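Q: Just dropping this structure here.
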Amino acid sequence: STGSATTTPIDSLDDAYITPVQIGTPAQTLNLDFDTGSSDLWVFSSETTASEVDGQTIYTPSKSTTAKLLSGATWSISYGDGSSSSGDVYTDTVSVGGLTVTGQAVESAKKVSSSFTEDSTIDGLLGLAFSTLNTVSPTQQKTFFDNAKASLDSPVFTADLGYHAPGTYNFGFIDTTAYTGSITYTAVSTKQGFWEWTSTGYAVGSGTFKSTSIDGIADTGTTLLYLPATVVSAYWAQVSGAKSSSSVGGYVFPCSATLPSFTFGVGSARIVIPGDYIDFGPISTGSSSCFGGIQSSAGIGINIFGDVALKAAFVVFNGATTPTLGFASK
Ligand SMILES: NCc1ccc(C(F)(F)F)cc1
Ligand SMILES: NCc1ccc(C(F)(F)F)cc1
Numbered sequence: 001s002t003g004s005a006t007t008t009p010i011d012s013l014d015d016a017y018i019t020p021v022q023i024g025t026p027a028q029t030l031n032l033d034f035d036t037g038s039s040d041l042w043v044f045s046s047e048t049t050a051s052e053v054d055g056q057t058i059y060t061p062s063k064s065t066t067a068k069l070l071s072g073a074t075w076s077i078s079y080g081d082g083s084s085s086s087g088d089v090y091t092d093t094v095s096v097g098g099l100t101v102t103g104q105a106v107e108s109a110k111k112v113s114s115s116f117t118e119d120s121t122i123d124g125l126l127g128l129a130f131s132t133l134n135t136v137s138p139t140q141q142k143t144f145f146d147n148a149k150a151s152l153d154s155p156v157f158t159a160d161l162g163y164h165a166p167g168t169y170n171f172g173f174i175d176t177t178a179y180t181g182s183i184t185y186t187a188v189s190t191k192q193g194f195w196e197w198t199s200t201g202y203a204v205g206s207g208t209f210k211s212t213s214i215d216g217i218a219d220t221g222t223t224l225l226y227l228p229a230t231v232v233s234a235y236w237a238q239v240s241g242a243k244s245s246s247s248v249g250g251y252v253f254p255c256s257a258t259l260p261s262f263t264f265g266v267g268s269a270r271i272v273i274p275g276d277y278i279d280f281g282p283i284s285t286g287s288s289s290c291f292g293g294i295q296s297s298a299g300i301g302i303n304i305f306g307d308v309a310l311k312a313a314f315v316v317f318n319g320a321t322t323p324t325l326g327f328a329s330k
């Protein structure tokens, strides 16, 4: 079997992408944030503290004839940005673009952090990292991808994120019409539960390519590109007037500047991020200081190839017994 679903940016800056997901019988359609950096499928629900819901579409298990409460199971998650949520667990039927999984763990939020409440466009998250990171206790649960793997034509999914435009998540097949040239595959380490890989280096604009190993994770659930301080300093040094601002919390630049592209290596291949992808607009309404899309990972502890990098490529998440990541230009 296969599945295909359109994913849409939630705002004018591509801060996140939402994809419609059908849950329950009859279907309840929720717009979920597909997150290859986490492994919980959790949703706003009829059980969520009422004051913590502000416009989200909620999952109502009591209206689904296929929902079963997973007795005694709870979940609690904290994301690298400080957001968090927790609740109890149902199993139900979950469908993504024609691909159906029965008995999927659907984690019902009882409590969500403020950043989720204020995001009226995101009804929940669909985790696509490895199931070892799932937070359900006392019995760990599998991700949607792990549950679907056996019935998929090929144990893969692909991310084709758009720049200020819709894109596509495909499950079980590779669309050879969606990219140019060849796909370059690179080894993945699952030892931390992430889609973790090693980039072979970088270039700033038309500068010389620097061969150097950068270990990081492919994370559709993170907006920006977080790289080591040496690399990030080399990039912003090429933008007149750019500086790291402690009050803002990262590199800012004059909104009148033109940004250079950023190239990152995948084996012997190169993915080029156009400079416009790195502009995240004014730091406050009406400001002439703009926020940069490439930031330092020094405070994080791991390098993150977030949406800024991934949307410049066609990305294959190969969940074979030896997992790999594939990157192609598009
Ligand atoms: N998108 C999920 C996510 C968020 C943060 C991290 C961090 F910070 F731990 F790297 C990993 C994965
Ligand atoms: N990386 C996972 C993640 C995704 C979105 C959010 C937000 F935007 F809702 F806060 C937090 C954490």
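Just so we're aligned: 274 in the deposited numbering is position 274 of the sequence shown, and the numbers increase by one with no gaps anywhere.
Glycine included, every Cβ here is placed at the ideal spot set by N, Cα and C.
1. Nearest by alpha-carbon distance to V248: which of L310, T198, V112 and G292 is it?
2. Applying the 10 Å Cβ sphere with the 16-neighbour rule, what's the burial state of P166?
3. Consult DSSP for residue 332 and reduce its assignment to one of helix, strand or coil.
4. Determine the DSSP secondary structure at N134, reduced to helix, strand or coil.
5. Does ligand 1 have even one heavy atom less than 6 angstroms from the beta-carbon of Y79?
6. Is the beta carbon of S296 sitting closer than 7 angstroms to the one on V232?
7. What residue from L133, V106, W195 and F145 has the CA that sits closest to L30's CA?
8. With respect to 6 angstroms, is the separation between the Cβ of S38 and the closest non-hydrogen atom of ligand 1 below this value?
9. Please check the pair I23 and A16, which I expect to be a contact at CB under 8 angstroms, by giving their CB distance rounded to whole angstroms.
10. Quick one: what's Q295 bridged to in DSSP?
11. May I ask you to report which of helix, strand or coil DSSP gives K63?
12. Pairs of beta-carbons, one from the segment 95-113 and one from the segment 176-193, closer than 8 angstroms: are there three or more?
13. Assuming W42 and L125 make a contact with CB atoms under 8 angstroms, what is their CB distance in whole Å?
14. With respect to the alpha helix (DSSP H) encompassing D307, which residues constitute its N-terminal and C-terminal limits?
15. Can you say whether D54 is buried or exposed, counting buried as having 16 or more other CB atoms within 10 angstroms of its CB?
16. Hey, could you find the ends of the alpha helix (DSSP H) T198 is sitting in?
17. Taking the alpha-carbon positions, what's the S64 to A309 distance?
18. Do the segment 73-88 and the segment 108-118 meet, that is, are 3 or more Cβ pairs less than 8 angstroms apart?
19. Along the chain, where does the beta strand (DSSP E) containing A73 start, and where does it finish?
20. Are three or more beta carbon pairs between the segment 300-315 and the segment 219-234 nearer than 8 angstroms?
21. Are the segment 251-267 and the segment 276-286 in contact at 8 angstroms, needing three or more beta carbon pairs?
22. How far does the alpha helix (DSSP H) with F144 in it extend, from its first residue to its last?
23. What's the gap between the Cα of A242 and the Cα of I300?
24. Under 8 angstroms: do the segment 132-151 and the segment 43-51 share three or more Cβ pairs, one atom per stretch?
25. In whole angstroms, what separates the C-alpha of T143 from that of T36?
26. Would you report the Cα separation of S1 and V94, rounded to the nearest angstrom?
A: Once the coordinates are examined:
1. Here residue 248 corresponds to residue number 248 of the sequence shown, with the count starting at 1. Closest option to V248, Cα to Cα, is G292.
2. For the purposes of this step, residue 166 is identified with residue 166 of the sequence shown, where counting begins at 1. Result: exposed.
3. Residue 332 falls outside the range modelled here, since the chain spans only 1 to 330, and no answer is possible.
4. Stepping through the sequence shown from its first residue, residue 134 is reached at position 134. In the structure shown, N134 sits in coil (DSSP, three-state: anything other than H, G, I, E or B).
5. Translated into the one-based positions of the sequence shown, residue 79 becomes position 79. Correct: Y79 has its Cβ closer than 6 angstroms to ligand 1.
6. Position 296 of the sequence shown, counting from 1, holds the residue named residue 296. Position 232 of the sequence shown, counting from 1, holds the residue named residue 232. It is a contact, given that the beta carbons lie within the stated cut-off.
7. Here the question's residue 30 lines up with position 30 in the sequence shown. Comparing Cα positions, the closest option is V106.
8. One-based indexing of the sequence shown puts residue 38 at position 38. Because some heavy atom of ligand 1 lies under 6 angstroms away, the Cβ of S38 counts as near it: yes.
9. In the sequence shown, the residue the question calls residue 23 occupies position 23. In the sequence shown, the residue the question calls residue 16 occupies position 16. Not a contact, Cβ separation roughly 19 angstroms.
10. Position 295 of the sequence shown, counted from the start, is the residue given in the question as residue 295. Its beta-bridge partners are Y226.
11. The count along the sequence shown starts at 1 and reaches residue 63 at position 63. Of the three classes helix, strand and coil, the one that applies to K63 here is helix, per DSSP.
12. no
13. Taking the sequence shown and counting its residues from 1, one reaches residue 42 at position 42. Taking the sequence shown and counting its residues from 1, one reaches residue 125 at position 125. About 6 angstroms separates the two Cβ atoms, so the contact holds.
14. The count along the sequence shown starts at 1 and reaches residue 307 at position 307. That run of the alpha helix (DSSP H) goes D307 to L310.
15. Here residue 54 refers to the residue found at position 54 of the sequence shown. So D54 counts as exposed.
16. Along the sequence shown, one-based indexing puts residue 198 at 198. Segment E196 to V204 is the beta strand (DSSP E) holding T198; no alpha helix (DSSP H) there.
17. Residue numbering aside, residue 64 sits at position 64 when the sequence shown is read from its first letter. Residue numbering aside, residue 309 sits at position 309 when the sequence shown is read from its first letter. Their Cα atoms are separated by approximately 39 angstroms.
18. yes
19. Position 73 of the sequence shown holds residue 73. Secondary structure note for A73: its beta strand (DSSP E) is the uninterrupted segment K68 to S78.
20. yes
21. yes
22. The residue you call residue 144 lines up with position 144 of the sequence shown. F144 to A148 is the span of the alpha helix (DSSP H), which, as asked, contains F144.
23. In the sequence shown, residue 242 corresponds to position 242, counting from 1. In the sequence shown, residue 300 corresponds to position 300, counting from 1. Rounded to the nearest angstrom, the two C-alpha atoms are 22 angstroms apart.
24. In short, these stretches do not touch, since the Cβ pair count stays below three.
25. Here residue 143 corresponds to residue number 143 of the sequence shown, with the count starting at 1. Here residue 36 corresponds to residue number 36 of the sequence shown, with the count starting at 1. Their backbone Cα atoms lie some 11 angstroms apart in a straight line.
26. Counting from one through the sequence shown, the residue named residue 1 turns up at place 1. Counting from one through the sequence shown, the residue named residue 94 turns up at place 94. Those two C-alpha atoms are separated by around 14 angstroms.
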